[PDB]
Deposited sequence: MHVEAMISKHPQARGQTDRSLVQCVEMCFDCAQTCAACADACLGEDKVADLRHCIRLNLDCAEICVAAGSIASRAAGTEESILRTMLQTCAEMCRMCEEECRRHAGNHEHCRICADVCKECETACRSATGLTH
């Protein structure tokens, strides 16, 4: 990724927790998109419906969060903290469902691990 390089060159600019969060949002978005599709292709797709939905929700929220986190927030009201908290909660929910399938589907194991890491990164960027 070029998150770190680009933050340093912004005219309103270092912030390690923010860089980690942005990087994880884009990684998690892709991973969740891929997991949704993999689950879709499984013989057992009917057992994976909720996992697919959560993965699609998570991909969408992660892209939004990572994009908003790439912008200057100002010092008055901004959505960044709220959005990162939403992302953390979405990643927590998606992790839980992927994790339940992790013994049966390797793609769900990987996605659960990425969601856990993205949750941690988003929650850490809020403090």
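Engineer: In sequence order, what intervals of the deposited sequence carry no C-alpha positions?
Structural biologist: Several regions go unmodelled: 14 to 16, 131 to 133.
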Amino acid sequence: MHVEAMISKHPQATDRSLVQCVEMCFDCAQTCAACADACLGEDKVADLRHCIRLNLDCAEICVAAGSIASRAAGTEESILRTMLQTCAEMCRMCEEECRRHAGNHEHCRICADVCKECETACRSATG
From here on, numbers count along this sequence of modelled residues.
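Engineer: Give the stretch, out of 90 to 98 and 67 to 75, with the larger mean C-alpha temperature factor in the deposited entry.
Structural biologist: That would be 67 to 75.
Engineer: Mean CA B-factor: is it higher for 14 to 22 or for 115 to 123?
Structural biologist: The entry gives the higher C-alpha B-factor average to 14 to 22.
Engineer: Please work out which residue in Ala46, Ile61, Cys28, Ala36 has the highest C-alpha B-factor recorded for this crystal structure.
Structural biologist: The record points to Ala46.
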